[PDB]
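Have a look at run_27.cif; it's mmCIF, C-alpha atoms:
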data_structure
loop_
_atom_site.label_atom_id
_atom_site.label_comp_id
_atom_site.auth_asym_id
_atom_site.auth_seq_id
_atom_site.Cartn_x
_atom_site.Cartn_y
_atom_site.Cartn_z
CA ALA C 1 -17.80 11.52 -64.86
CA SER C 2 -20.42 9.09 -66.21
CA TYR C 3 -24.09 10.15 -66.36
CA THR C 4 -23.68 13.38 -68.41
CA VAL C 5 -23.89 12.89 -72.24
CA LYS C 6 -27.39 13.18 -73.79
CA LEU C 7 -30.71 11.31 -73.66
CA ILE C 8 -34.40 12.32 -73.97
CA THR C 9 -37.40 11.07 -72.03
CA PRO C 10 -40.55 12.83 -70.81
CA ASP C 11 -37.78 15.14 -69.59
CA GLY C 12 -36.17 15.72 -73.04
CA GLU C 13 -32.38 16.12 -73.16
CA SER C 14 -31.04 14.17 -70.16
CA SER C 15 -27.35 13.81 -69.18
CA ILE C 16 -25.80 10.31 -69.37
CA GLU C 17 -22.20 9.13 -69.94
CA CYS C 18 -22.43 5.67 -68.34
CA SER C 19 -18.64 5.25 -68.48
CA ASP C 20 -19.09 2.51 -65.87
CA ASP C 21 -21.84 0.21 -67.20
CA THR C 22 -25.59 1.02 -66.72
CA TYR C 23 -27.18 3.77 -68.94
CA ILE C 24 -30.49 1.82 -68.78
CA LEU C 25 -33.74 3.78 -68.68
CA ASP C 26 -32.64 4.01 -65.05
CA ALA C 27 -29.92 6.54 -65.95
CA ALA C 28 -32.43 8.71 -67.82
CA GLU C 29 -35.98 7.33 -67.67
CA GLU C 30 -35.42 6.96 -63.89
CA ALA C 31 -33.36 10.09 -63.26
CA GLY C 32 -36.75 11.83 -63.64
CA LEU C 33 -39.46 9.20 -64.34
CA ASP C 34 -38.15 6.29 -62.22
CA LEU C 35 -38.55 3.04 -64.20
CA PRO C 36 -36.35 0.08 -63.23
CA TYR C 37 -35.30 -2.42 -65.93
CA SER C 38 -36.49 -6.03 -65.62
CA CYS C 39 -39.61 -6.75 -67.73
CA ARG C 40 -37.11 -7.97 -70.37
CA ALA C 41 -37.88 -7.97 -74.11
CA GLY C 42 -41.45 -9.01 -75.01
CA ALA C 43 -42.70 -7.44 -71.75
CA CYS C 44 -42.73 -3.64 -72.25
CA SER C 45 -42.21 -0.78 -74.71
CA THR C 46 -40.89 1.84 -72.26
CA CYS C 47 -37.28 1.07 -73.24
CA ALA C 48 -37.51 1.97 -76.95
CA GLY C 49 -34.10 3.71 -76.93
CA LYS C 50 -34.00 5.67 -80.20
CA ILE C 51 -30.33 5.34 -81.24
CA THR C 52 -28.66 4.79 -77.83
CA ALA C 53 -25.53 5.20 -79.97
CA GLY C 54 -23.64 5.01 -76.65
CA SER C 55 -23.94 2.31 -73.97
CA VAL C 56 -22.57 -0.84 -75.63
CA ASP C 57 -24.69 -3.71 -74.31
CA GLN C 58 -22.31 -6.49 -75.41
CA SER C 59 -24.38 -9.15 -73.62
CA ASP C 60 -27.19 -8.83 -76.21
CA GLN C 61 -27.52 -12.59 -76.81
CA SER C 62 -31.19 -13.62 -77.07
CA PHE C 63 -32.22 -10.79 -74.72
CA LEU C 64 -32.77 -7.46 -76.51
CA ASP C 65 -30.22 -4.68 -75.95
CA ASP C 66 -28.67 -2.85 -78.92
CA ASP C 67 -29.00 -5.41 -81.73
CA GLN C 68 -25.30 -6.26 -81.30
CA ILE C 69 -23.42 -3.46 -79.47
CA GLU C 70 -24.72 -0.05 -80.61
CA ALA C 71 -28.46 0.37 -81.18
CA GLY C 72 -30.66 1.71 -78.35
CA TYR C 73 -33.47 0.99 -80.85
CA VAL C 74 -34.10 -2.28 -78.94
CA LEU C 75 -34.60 -2.77 -75.17
CA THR C 76 -31.11 -1.61 -74.12
CA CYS C 77 -32.04 -1.38 -70.40
CA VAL C 78 -29.50 -4.23 -69.83
CA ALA C 79 -26.19 -3.20 -71.47
CA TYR C 80 -22.64 -3.91 -70.30
CA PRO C 81 -19.67 -1.69 -71.39
CA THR C 82 -21.04 1.82 -71.85
CA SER C 83 -18.82 4.10 -73.91
CA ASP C 84 -21.06 7.18 -73.47
CA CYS C 85 -24.87 6.99 -73.56
CA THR C 86 -27.06 8.53 -76.32
CA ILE C 87 -30.77 7.68 -76.11
CA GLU C 88 -33.13 10.15 -77.77
CA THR C 89 -36.91 9.70 -77.55
CA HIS C 90 -36.17 6.51 -75.61
CA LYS C 91 -40.00 6.34 -75.54
CA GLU C 92 -42.26 9.35 -76.22
CA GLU C 93 -45.25 7.09 -75.48
CA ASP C 94 -46.46 7.77 -79.03
CA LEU C 95 -43.84 6.73 -81.61
CA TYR C 96 -44.29 9.71 -83.95
#
Please rewrite the model in this file as structure tokens.
Amino acid sequence: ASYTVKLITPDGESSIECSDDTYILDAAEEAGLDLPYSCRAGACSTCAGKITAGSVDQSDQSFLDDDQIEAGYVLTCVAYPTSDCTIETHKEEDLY
């Protein structure tokens, strides 16, 4: 289970279900492009999850995550409960 739903990085559709916390670019962006999560908001743009619509950060607080509990749009590389992960175009390095 876990790590299986859908994501999309330089390696388009990736599988992620994070039914055990995590999801972070590590699940996808690292499954094929290795990129740990730490820089924190205001430090990078690699974690631009486009509609994570899955991993529920929960501990958003001041740190960026999902806006409140469902929005990969922000740096969601530090979520908490993860009811399925859905990050598309987490960061195409262009922002079409």
What does the distance between CA of residue 1 (chain C) and CA of residue 39 (chain C) come to in Å, to one decimal place?
28.6 Å
Since I can't run it myself right now, could you work out what the PyMOL selection byres ((chain C and resi 11-14) around 9) selects here and report it as an NGL selection string?
:C and (3-10 or 15-16 or 27-29 or 31-33 or 87-89)
Once the PyMOL selection byres ((chain C and resi 52-57) around 12) has been evaluated on this model, what residues remain selected, and can you format them as a VMD selection string?
chain C and resid 2 to 8 16 to 25 27 to 28 47 to 51 58 to 61 63 to 91
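Here CA of residue 94 (chain C) stands at a distance of 13.8 Å from CA of residue 44 (chain C).
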Draw an axis-aligned box tight on the listed atoms of region 21-26 of chain C, then pad every side by 8 Å and write out centre and edge lengths in Å to one decimal as JSON.
{"center_x": -27.8, "center_y": 2.1, "center_z": -67.0, "size_x": 27.9, "size_y": 19.8, "size_z": 19.9}
